[PDB]
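Worksheet: one structure, shown below.
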Amino acid sequence: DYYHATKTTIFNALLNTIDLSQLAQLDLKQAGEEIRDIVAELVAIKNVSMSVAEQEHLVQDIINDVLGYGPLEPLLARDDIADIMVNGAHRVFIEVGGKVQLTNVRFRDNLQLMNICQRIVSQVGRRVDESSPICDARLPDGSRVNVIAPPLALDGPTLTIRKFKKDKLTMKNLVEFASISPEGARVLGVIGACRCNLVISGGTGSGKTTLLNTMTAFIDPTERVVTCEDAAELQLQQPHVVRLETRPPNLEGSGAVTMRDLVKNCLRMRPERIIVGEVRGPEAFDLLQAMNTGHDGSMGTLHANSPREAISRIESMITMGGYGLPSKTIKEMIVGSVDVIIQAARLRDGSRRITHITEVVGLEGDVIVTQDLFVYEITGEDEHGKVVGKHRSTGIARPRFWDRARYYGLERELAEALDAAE
Amino acid sequence: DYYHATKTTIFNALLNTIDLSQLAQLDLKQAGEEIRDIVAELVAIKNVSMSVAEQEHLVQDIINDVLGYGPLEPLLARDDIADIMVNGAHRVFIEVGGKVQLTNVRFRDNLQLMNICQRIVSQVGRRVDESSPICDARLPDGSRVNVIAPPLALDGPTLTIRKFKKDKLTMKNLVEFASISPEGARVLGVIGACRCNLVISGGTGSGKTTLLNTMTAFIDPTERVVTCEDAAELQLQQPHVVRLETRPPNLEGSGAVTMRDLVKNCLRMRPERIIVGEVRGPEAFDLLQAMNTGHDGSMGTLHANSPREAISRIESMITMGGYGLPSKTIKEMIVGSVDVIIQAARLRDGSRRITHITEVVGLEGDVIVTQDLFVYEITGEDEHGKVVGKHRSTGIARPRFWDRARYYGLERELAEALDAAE
Amino acid sequence: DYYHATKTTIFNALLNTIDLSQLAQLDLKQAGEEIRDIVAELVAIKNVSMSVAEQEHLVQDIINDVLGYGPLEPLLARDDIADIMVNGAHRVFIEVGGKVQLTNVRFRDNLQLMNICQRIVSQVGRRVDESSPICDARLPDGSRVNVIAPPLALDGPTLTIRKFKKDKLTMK
C-alpha cells in the first residue's frame, strides 16, 4: 500500500540514473528492461522489503510515467471506458455504460499531467503548451484527443480522450432508430455508392453532420475523398482521405482561410469526391463546379427545411458570392450539378428522421422541378406526443440518376429497394 | 510645500538624464533599482539630500510615474475607494462612502495622463489613441476600465476605473429583494433544472452575471459543465465544472484566444452544458450550434435591453461573424436553438428586477414570434422614490419547453408555478 | 534494418557537420562529391559492414534526403508514375495506368515532408509556411504542384504532384 512512498523515493534517482533524452530515443523493449533493472537496483540500494507484486506494479508504473501515459494506461486500455476526461491533476471521470462516473485515479501535479498530455498529443506530432494552449488531435487508432493548457483552463491542464466506436453512426443505427426504412437504407446505399452528387439539407437540430458521416461510409475505399470542414467533425474510415480545416482571421483580420479557399484548392488537388462539412457561403458556387468538373459523387450539408428551400438557399448563397450571375444561370448550374437532395428534420417529439429523398430532374420556366423518390408521411401520434409516420416510395421506377446505378451494377438493387418500399 | 517642487525638479533632471527606453528592458524591481541609481547620478549634479523617510518616498513617487500608474497608485491601493474617475490631468474624483468627492490629487499634463491610460489598457493588450480613441477593458485585478482619448474628450483624456465587488447572490436574495416573485423562483428552478437553452439578456448594471450564477446553481451535479468567461466572473458549486478563460493578445498581437476559439473547443470536449460569461462577438453563432447540436441546457449572457432587442443583437452578431448566412437561416437557427430568454434590467430607482421571462415560440415570415411567461408591471413610485411593481404570469398553461419538463418529471412544479403566478 | 539506423546517424552527423549555407551555395554535383566522401568516412568510423554498391546507394540516399527531394525523388524520376499524392508523411499514393495505388515508401516525419515541400516549391520561387498554408505552382518541367500546410491539413502536409500529361486533350 505504501509502495507509492517508495516510488517517491526512487523517482528522483531515475533521472539521476539515465537522462530522459536517452530513453526518449528508443521505443523498443530495451528501454523497459533497462528501467526495470534500474528500479530493481534502486530498490536494493534502498533496502526495502516491499511486496514482490507491489514491486512489479511499481516498476510498471514507473516505466509508464517515464515513457508511457502514466496512470491513464489502465483506463486507456480498458475497452468498456468509452470516454476519459481529466480536469486538473486531481480529478478524473470516465463515461462507462453511457454515464459519467468519477474515478480515484490522480496525478502528482499539473506538471505530470502536462507532460503526459504533451506526450499523448506529440505521438501524432502536434504541439501543446502555454504558447499554443489549445490542441486537438486524432490518433491513428481513431480516438480523438483534446487538450487545453493551464493558461486557459484555470484549474490546470484539461484533457479529453474519446475512443472510436465503429457501430455508432452506421446506416444500421439509422434503421434501428426508425429514421429511415430498410428500403430507404437500400436506396441510400445505392445513391452513395454510385457517386451521385449529394446535398444533405437539414433543419436545425436535424443532425445533418451525422447523416453525412453515415452516408460517406458507402464510398469505395479507393476513392480519394477530400473533406473541407469549418470544424473537423467528420470521421471517415476509408483508407484514403484528406482532411482539411478552415482558419479564421487573426485579430488583425489577416491570415484567414475561408471554406471557399479550401474548395478552390481542392479543385486542383485531384480528388474523386469533395465532402464539404457545411456549405455556408459563396463556397457553394465552387462546390457546384466540383460537381460538374468531373468530381462526381461530392457531398455537402446545408441548412434548409425542405428540398425546394435548400435549392433557394443555394441560389441565394451563390448570389451573395458577388459573381455576376443571373438567376437563370444559377438555377441551370444547380440543376446540372446536384443529383439528389436529402432532407433531415427534427420532429415535434424531438426525434429526427429523413423526411425527403428527392431527385432534381431539371429546369422549366426558371423553376427547378424536383421529384421525391422517398417521402416520410405522418400518420398519427401517441398520448406521449410522439409523432408516428411511414416512409413511402413515390413509385418512380426510373429516377434520372438510374444510369449511374446501372453503370456501377446496382440497378437491380435500386429497383428492388424502390419497389419493395411501397 | 518644498516636497512637490523638489520632486518636479528631480523628475525634470531624471528625464533630461535618461528616457523610458533606457529601462524598458528591466523588470519592475530592476527598473526601480536602476531608477535609484539614476537618482543618485542626478543628485550628483543637483546635490539634493533629505531624510531617508522622505528621500525614499520621493524616489518611490518618481518610480510610480516613471513605470507605474502615476499618482493613481496611492488611490488604487485603497479599499474604501469604490470608483476612480479622471476628467483631465487637472481633475480627479473618487467615490467614498457611496458618494463622489473631489480630491487634491492631480496630474502633470494631459500627455502624462494619456500615457498612464495607455499603460493601464495595454495591461490587457488594449490600445487607446487617436486611431481608436475609445477603449474599454477589464483589469484582471478585479476592475473595469474605460478610457476616451483627446479627439473625443475635449478636456483631455478621460478615465474611469470601477473596482470589483463580490456579489455572488443566491436565489433567496433575489426573492427577498423582490427581483423575482416566489412563483418566478419555482419557474426559474424548473427551467434551469430542465436543460432548456437559456439566454440571460440584461441591461447595463442589471447584474446579468450574478443572475447567471444563481441560475446555474440549479444545474444537476452530474452534468459536465464547461464555462467560458473572462477573469473568472462566475463561481459554480458543481463537482464537475471546467473553468476556461480567454487570453488577450500580448502587445505583439499574438497568443490571443478569443471566445470563438474557446466555444469551438468546448464543442469538442463532450460537455453536457456550455456556459458563456458574456456573448459580445461572433462566438454567438458557435454558441447557438452548441445550443442545438445536443448539449441541451447551455446558457449565455448577453447585453440587451429587451428580449426582442436581444434577439436582434444575436442576429446581428451572427451576421457580422463573416458567414454568408441568409437572414432567414439565422432566424430559424435562433428559433430552433433558444428556448428561453430572461431579461434583467435596472429600473429608474436603481434596483435590479427580472422584467421578462419569455420563450421563443417560432418564426412567422421574417419575425420571431415569442410569448412572455412572466412580465413585471410597474404601477407608481413610493414615498422614497422606490419603484412599485409586481410580477404577473401571462397564464400560458403549456410553454413550448413543456416536453422537457415531462422528460425530467417537473410538469407538476411548472404547472403550479405558472397557475399561481398572478 | 541496420542500414536505416546507420543512415539516420549519418544524416544527423552531416546536419551537424556544416551550416546549411555551405550546402545551399554549393552546386548539386559539388556538394554531392563531398557528401559522398563524408558518408564514406562516417561509415568507416562506424565500421558498418556494407558493400561498395551499398555504400553508393547510401550516399545517394543521404544526398537526396539532405539536399534532394528525399524518398519522394525515386517516384518523380519514374515515367509510368503520372500523379503522386502524399497525405502526410505516412501515406503515399501513385497514379499508374489510370489507377491509384498506395506505395510503401513513406517519409521520416511530417517535418521532413514540410521541408521537402518547401524545397519543391522553391524552384518556382514560391514559399509555403504556416502563414501562407496553401501553395500552388507549375514547375518549369510542366508538372503541377499543390501543397497544404499542417495548420490546414489536419494530418500533415498534402503534397500533390501532377506530371505533365502531354497530348492529353489535343484535338485527336
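Just remember, in the C-alpha cells the first chain shown is A, the second B, etc., residues are 1-based per chain, and ligands are 1-based in the order shown.
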
Selection near segment 388-404 of chain B, 7 Å with only C-alpha atoms, sequence-local residues under 4 positions removed, as JSON, numbers by chain:
{"B": [181, 194, 339, 361, 372, 373, 374, 375, 376, 377, 378, 379, 380, 381, 382, 408, 415, 418, 419, 421, 422]}

Go ahead and write the residues just picked, C-alpha atoms, as a tab-separated table (two decimals), in the first residue's frame.
chain	number	residue	atom	x	y	z
B	181	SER	CA	-41.69	36.54	-7.24
B	194	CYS	CA	-34.93	21.20	-17.22
B	339	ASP	CA	-35.78	28.01	-25.53
B	361	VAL	CA	-42.21	30.18	-29.90
B	372	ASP	CA	-43.91	36.08	-22.44
B	373	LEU	CA	-44.36	33.79	-19.45
B	374	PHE	CA	-43.55	36.34	-16.73
B	375	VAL	CA	-43.70	40.13	-17.01
B	376	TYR	CA	-43.01	42.85	-14.44
B	377	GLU	CA	-45.69	45.56	-14.35
B	378	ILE	CA	-44.91	48.97	-12.85
B	379	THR	CA	-47.66	50.99	-11.17
B	380	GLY	CA	-46.07	54.01	-9.48
B	381	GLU	CA	-43.41	55.48	-7.23
B	382	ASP	CA	-43.49	55.34	-3.44
B	408	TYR	CA	-37.49	15.43	-16.33
B	415	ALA	CA	-47.89	23.95	-13.82
B	418	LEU	CA	-47.48	29.11	-13.84
B	419	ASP	CA	-51.01	28.84	-12.42
B	421	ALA	CA	-48.23	33.23	-10.69
B	422	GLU	CA	-50.76	36.04	-10.91

Taking every C-alpha atom in sequence order, what RMSD do you get when chain A is least-squares fitted onto chain B?
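My reading of the C-alpha RMSD is 7.5 Å.
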
Shell around residue 38 of chain C at 9 Å using only C-alpha atoms, local window under 6 positions removed, as number ranges by chain:
C: 10, 14, 59

Since we have the selection now, will you write its residues out, keeping N, CA and C atoms, as a short mmCIF file (atom, residue, chain, number, x, y, z; two decimals), in the first residue's frame?
data_model
loop_
_atom_site.label_atom_id
_atom_site.label_comp_id
_atom_site.auth_asym_id
_atom_site.auth_seq_id
_atom_site.Cartn_x
_atom_site.Cartn_y
_atom_site.Cartn_z
N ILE C 10 24.18 8.91 -39.90
CA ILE C 10 24.98 9.67 -40.85
C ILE C 10 24.29 10.98 -41.21
N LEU C 14 25.88 14.62 -40.67
CA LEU C 14 26.01 15.58 -41.76
C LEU C 14 25.31 16.89 -41.42
N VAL C 59 25.03 6.72 -49.97
CA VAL C 59 25.45 8.09 -50.26
C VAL C 59 24.37 8.81 -51.07
#

Residues near residue 65 of chain A, anyone? I mean within 10 Å using only C-alpha atoms, not counting same-chain ones fewer than 6 positions away, as a ChimeraX atom specification.
/A:11,59,71-73,112,115-116

Can you tell me, as a PyMOL selection string, what residues are no more than 12 Å from residue 268 of chain A when counting only C-alpha atoms, ignoring any on the same chain fewer than 4 positions away?
(chain A and resi 226+261-264+272+274+286+289-290+293-295) or (chain C and resi 134-138+144-148+159-162)

Take the residues just selected and output them with N, CA and C atoms as a PDB file, in the first residue's frame.
ATOM      1  N   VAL A 226     -11.865  13.991 -50.218  1.00  0.00           N
ATOM      2  CA  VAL A 226     -11.271  15.171 -49.603  1.00  0.00           C
ATOM      3  C   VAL A 226     -12.366  15.903 -48.849  1.00  0.00           C
ATOM      4  N   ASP A 261     -11.672  29.140 -50.134  1.00  0.00           N
ATOM      5  CA  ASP A 261     -10.281  28.882 -50.486  1.00  0.00           C
ATOM      6  C   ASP A 261      -9.991  27.388 -50.495  1.00  0.00           C
ATOM      7  N   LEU A 262     -10.464  26.672 -49.475  1.00  0.00           N
ATOM      8  CA  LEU A 262     -10.206  25.240 -49.403  1.00  0.00           C
ATOM      9  C   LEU A 262     -10.839  24.508 -50.576  1.00  0.00           C
ATOM     10  N   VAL A 263     -12.073  24.864 -50.935  1.00  0.00           N
ATOM     11  CA  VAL A 263     -12.728  24.193 -52.055  1.00  0.00           C
ATOM     12  C   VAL A 263     -12.016  24.517 -53.362  1.00  0.00           C
ATOM     13  N   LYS A 264     -11.630  25.780 -53.548  1.00  0.00           N
ATOM     14  CA  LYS A 264     -10.911  26.151 -54.759  1.00  0.00           C
ATOM     15  C   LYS A 264      -9.623  25.355 -54.883  1.00  0.00           C
ATOM     16  N   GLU A 272     -11.423  12.704 -55.955  1.00  0.00           N
ATOM     17  CA  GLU A 272     -12.520  11.997 -56.595  1.00  0.00           C
ATOM     18  C   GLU A 272     -13.859  12.288 -55.940  1.00  0.00           C
ATOM     19  N   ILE A 274     -15.522  15.545 -53.124  1.00  0.00           N
ATOM     20  CA  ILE A 274     -15.343  16.654 -52.196  1.00  0.00           C
ATOM     21  C   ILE A 274     -16.492  16.607 -51.206  1.00  0.00           C
ATOM     22  N   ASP A 286     -18.265  27.268 -55.873  1.00  0.00           N
ATOM     23  CA  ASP A 286     -17.137  26.406 -56.203  1.00  0.00           C
ATOM     24  C   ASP A 286     -17.511  24.940 -56.052  1.00  0.00           C
ATOM     25  N   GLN A 289     -19.179  23.719 -59.044  1.00  0.00           N
ATOM     26  CA  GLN A 289     -18.228  23.439 -60.115  1.00  0.00           C
ATOM     27  C   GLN A 289     -17.580  22.078 -59.917  1.00  0.00           C
ATOM     28  N   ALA A 290     -17.188  21.765 -58.682  1.00  0.00           N
ATOM     29  CA  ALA A 290     -16.626  20.450 -58.411  1.00  0.00           C
ATOM     30  C   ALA A 290     -17.584  19.350 -58.831  1.00  0.00           C
ATOM     31  N   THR A 293     -17.285  19.551 -62.879  1.00  0.00           N
ATOM     32  CA  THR A 293     -15.971  19.392 -63.482  1.00  0.00           C
ATOM     33  C   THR A 293     -15.583  17.937 -63.685  1.00  0.00           C
ATOM     34  N   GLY A 294     -16.211  17.009 -62.971  1.00  0.00           N
ATOM     35  CA  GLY A 294     -15.877  15.599 -63.060  1.00  0.00           C
ATOM     36  C   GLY A 294     -15.676  14.924 -61.723  1.00  0.00           C
ATOM     37  N   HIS A 295     -15.674  15.663 -60.614  1.00  0.00           N
ATOM     38  CA  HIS A 295     -15.559  15.071 -59.284  1.00  0.00           C
ATOM     39  C   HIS A 295     -16.925  14.560 -58.827  1.00  0.00           C
TER      40      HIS A 295
ATOM     41  N   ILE C 134      -1.394  27.536 -47.986  1.00  0.00           N
ATOM     42  CA  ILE C 134      -1.765  26.995 -49.288  1.00  0.00           C
ATOM     43  C   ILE C 134      -0.744  27.467 -50.309  1.00  0.00           C
ATOM     44  N   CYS C 135      -0.322  26.565 -51.192  1.00  0.00           N
ATOM     45  CA  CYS C 135       0.575  26.931 -52.274  1.00  0.00           C
ATOM     46  C   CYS C 135       0.256  26.103 -53.507  1.00  0.00           C
ATOM     47  N   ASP C 136       0.301  26.750 -54.666  1.00  0.00           N
ATOM     48  CA  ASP C 136       0.122  26.084 -55.946  1.00  0.00           C
ATOM     49  C   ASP C 136       1.163  26.619 -56.912  1.00  0.00           C
ATOM     50  N   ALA C 137       1.696  25.742 -57.757  1.00  0.00           N
ATOM     51  CA  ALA C 137       2.746  26.164 -58.671  1.00  0.00           C
ATOM     52  C   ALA C 137       2.781  25.239 -59.875  1.00  0.00           C
ATOM     53  N   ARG C 138       3.400  25.733 -60.943  1.00  0.00           N
ATOM     54  CA  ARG C 138       3.676  24.952 -62.143  1.00  0.00           C
ATOM     55  C   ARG C 138       5.178  24.999 -62.377  1.00  0.00           C
ATOM     56  N   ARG C 144       2.529  20.093 -62.293  1.00  0.00           N
ATOM     57  CA  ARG C 144       1.841  20.942 -61.333  1.00  0.00           C
ATOM     58  C   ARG C 144       2.080  20.435 -59.918  1.00  0.00           C
ATOM     59  N   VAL C 145       2.114  21.363 -58.966  1.00  0.00           N
ATOM     60  CA  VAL C 145       2.343  21.042 -57.564  1.00  0.00           C
ATOM     61  C   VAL C 145       1.329  21.799 -56.724  1.00  0.00           C
ATOM     62  N   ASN C 146       0.676  21.090 -55.810  1.00  0.00           N
ATOM     63  CA  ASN C 146      -0.232  21.698 -54.847  1.00  0.00           C
ATOM     64  C   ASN C 146       0.156  21.233 -53.455  1.00  0.00           C
ATOM     65  N   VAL C 147       0.298  22.175 -52.526  1.00  0.00           N
ATOM     66  CA  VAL C 147       0.802  21.884 -51.190  1.00  0.00           C
ATOM     67  C   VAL C 147      -0.054  22.612 -50.165  1.00  0.00           C
ATOM     68  N   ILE C 148      -0.327  21.938 -49.050  1.00  0.00           N
ATOM     69  CA  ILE C 148      -1.110  22.489 -47.953  1.00  0.00           C
ATOM     70  C   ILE C 148      -0.324  22.310 -46.665  1.00  0.00           C
ATOM     71  N   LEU C 159       1.151  17.240 -50.019  1.00  0.00           N
ATOM     72  CA  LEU C 159       1.838  17.352 -51.300  1.00  0.00           C
ATOM     73  C   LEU C 159       1.068  16.625 -52.392  1.00  0.00           C
ATOM     74  N   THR C 160       1.000  17.241 -53.571  1.00  0.00           N
ATOM     75  CA  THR C 160       0.329  16.647 -54.725  1.00  0.00           C
ATOM     76  C   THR C 160       1.070  17.066 -55.986  1.00  0.00           C
ATOM     77  N   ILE C 161       1.757  16.113 -56.612  1.00  0.00           N
ATOM     78  CA  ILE C 161       2.445  16.319 -57.881  1.00  0.00           C
ATOM     79  C   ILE C 161       1.577  15.750 -58.988  1.00  0.00           C
ATOM     80  N   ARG C 162       1.500  16.469 -60.102  1.00  0.00           N
ATOM     81  CA  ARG C 162       0.706  16.051 -61.258  1.00  0.00           C
ATOM     82  C   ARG C 162       1.577  16.296 -62.487  1.00  0.00           C
TER      83      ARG C 162
END

Residues of chain B within 7 Å of chain A, only C-alpha atoms counted, as a list in words
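Therefore, the residues near the partner are residues 242, 243, 244, 245, 246, 247, 255, 269, 292, 293, 323, 324, 325, 333 and 336 of chain B.
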
Restricted to N, CA, C and O atoms, what would the selected residues look like written as a short mmCIF file (atom, residue, chain, number, x, y, z; two decimals), in the first residue's frame?
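Final output, saved to out.cif:
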data_model
loop_
_atom_site.label_atom_id
_atom_site.label_comp_id
_atom_site.auth_asym_id
_atom_site.auth_seq_id
_atom_site.Cartn_x
_atom_site.Cartn_y
_atom_site.Cartn_z
N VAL B 242 -15.69 22.62 -15.58
CA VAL B 242 -14.43 23.01 -16.20
C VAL B 242 -14.48 24.51 -16.43
O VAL B 242 -15.40 25.01 -17.09
N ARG B 243 -13.50 25.23 -15.90
CA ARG B 243 -13.46 26.68 -15.97
C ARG B 243 -12.40 27.10 -16.97
O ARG B 243 -11.22 26.75 -16.82
N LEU B 244 -12.81 27.85 -17.99
CA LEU B 244 -11.92 28.36 -19.02
C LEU B 244 -11.96 29.88 -19.02
O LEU B 244 -12.97 30.48 -18.63
N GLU B 245 -10.87 30.50 -19.46
CA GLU B 245 -10.80 31.95 -19.60
C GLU B 245 -10.07 32.29 -20.89
O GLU B 245 -9.08 31.66 -21.24
N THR B 246 -10.56 33.32 -21.58
CA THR B 246 -9.89 33.82 -22.77
C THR B 246 -8.59 34.52 -22.37
O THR B 246 -8.40 34.95 -21.24
N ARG B 247 -7.68 34.63 -23.34
CA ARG B 247 -6.38 35.25 -23.13
C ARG B 247 -6.23 36.42 -24.09
O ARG B 247 -6.20 36.20 -25.32
N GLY B 255 -0.90 35.23 -29.59
CA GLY B 255 -1.23 34.43 -28.43
C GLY B 255 -2.64 34.61 -27.92
O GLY B 255 -2.97 34.06 -26.87
N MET B 269 -15.19 18.93 -26.31
CA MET B 269 -14.81 18.37 -25.02
C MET B 269 -15.92 17.53 -24.40
O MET B 269 -15.83 17.18 -23.22
N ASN B 292 -28.01 23.59 -29.91
CA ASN B 292 -28.91 22.71 -30.65
C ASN B 292 -28.31 21.36 -31.00
O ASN B 292 -29.03 20.35 -30.96
N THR B 293 -27.03 21.29 -31.36
CA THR B 293 -26.38 20.01 -31.66
C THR B 293 -26.11 19.28 -30.35
O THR B 293 -24.97 19.13 -29.89
N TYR B 323 -19.94 34.91 -41.84
CA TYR B 323 -20.64 33.91 -42.63
C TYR B 323 -21.68 34.58 -43.52
O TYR B 323 -22.27 35.61 -43.16
N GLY B 324 -21.91 33.99 -44.68
CA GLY B 324 -22.92 34.49 -45.59
C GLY B 324 -24.28 33.90 -45.31
O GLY B 324 -25.07 33.66 -46.23
N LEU B 325 -24.58 33.68 -44.04
CA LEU B 325 -25.83 33.04 -43.67
C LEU B 325 -27.00 33.94 -44.06
O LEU B 325 -27.03 35.11 -43.68
N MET B 333 -32.30 29.40 -37.12
CA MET B 333 -31.33 28.84 -36.18
C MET B 333 -31.61 29.33 -34.77
O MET B 333 -31.59 28.55 -33.81
N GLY B 336 -34.85 27.64 -33.40
CA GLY B 336 -34.63 26.26 -33.01
C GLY B 336 -33.63 26.06 -31.90
O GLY B 336 -33.62 25.00 -31.28
#

I need the residues of segment 74-160 of chain C that end up classed as strand (DSSP E) by DSSP on the backbone, written out as a PyMOL selection string.
chain C and resi 83-86+92-96+99-103+134-138+144-148+160

Would you mind reading off the distance between atom CA of residue 60 of chain C and atom CA of residue 35 of chain C, one decimal, in Å?
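Value for the atom CA of residue 60 of chain C-atom CA of residue 35 of chain C distance: 9.1 Å.
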
If you run DSSP over the backbone, which residues in segment 45-256 of chain A end up helix (DSSP H, G or I)? Put them as a ChimeraX atom specification.
/A:45-46,52-67,72-77,110-122,171-176,182-193,208-216

Return the neighbours of chain A among the residues of chain C, cut-off 7 Å, counting only C-alpha atoms, as a PyMOL selection string.
chain C and resi 87+131+146+152-155+160

Saved selection, atoms kept: N, CA, C and O atoms, as a short mmCIF file (atom, residue, chain, number, x, y, z; two decimals), in the first residue's frame:
data_model
loop_
_atom_site.label_atom_id
_atom_site.label_comp_id
_atom_site.auth_asym_id
_atom_site.auth_seq_id
_atom_site.Cartn_x
_atom_site.Cartn_y
_atom_site.Cartn_z
N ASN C 87 -0.50 12.12 -48.42
CA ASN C 87 -1.44 12.52 -47.37
C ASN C 87 -0.74 12.45 -46.02
O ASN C 87 -1.09 11.67 -45.13
N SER C 131 2.12 30.70 -42.32
CA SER C 131 1.49 31.98 -42.62
C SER C 131 0.87 32.02 -44.01
O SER C 131 -0.04 32.82 -44.24
N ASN C 146 0.68 21.09 -55.81
CA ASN C 146 -0.23 21.70 -54.85
C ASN C 146 0.16 21.23 -53.45
O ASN C 146 0.32 20.03 -53.23
N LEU C 152 -3.75 23.86 -41.87
CA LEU C 152 -4.98 23.49 -42.57
C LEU C 152 -5.14 21.98 -42.66
O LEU C 152 -6.13 21.43 -42.17
N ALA C 153 -4.18 21.30 -43.27
CA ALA C 153 -4.23 19.84 -43.36
C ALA C 153 -4.05 19.26 -41.97
O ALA C 153 -2.95 19.28 -41.41
N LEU C 154 -5.13 18.72 -41.40
CA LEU C 154 -5.14 18.29 -40.01
C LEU C 154 -4.44 16.96 -39.79
O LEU C 154 -4.55 16.40 -38.70
N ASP C 155 -3.73 16.43 -40.79
CA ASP C 155 -2.98 15.19 -40.63
C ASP C 155 -1.59 15.29 -41.26
O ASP C 155 -0.97 14.26 -41.53
N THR C 160 1.00 17.24 -53.57
CA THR C 160 0.33 16.65 -54.72
C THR C 160 1.07 17.07 -55.99
O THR C 160 1.01 18.24 -56.38
#

Which neighbours of residue 11 of chain C fall inside 9 Å, counting only C-alpha atoms, when residues of the same chain fewer than 3 positions from it are skipped, and could you give them as an MDAnalysis selection string?
chainID C and resid 6:8 14:16 39 62 65:66

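Across the structure, atom CA of residue 234 of chain A and atom CA of residue 199 of chain A are spaced 15.6 Å apart.
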
Measuring atom to atom with only C-alpha atoms, identify which of C:42, C:5, C:13, C:67 is nearest to residue 26 of chain C.
C:67

Record the distance separating atom CA of residue 62 of chain B and atom CA of residue 17 of chain B, expressed in Å with one decimal.
13.9 Å
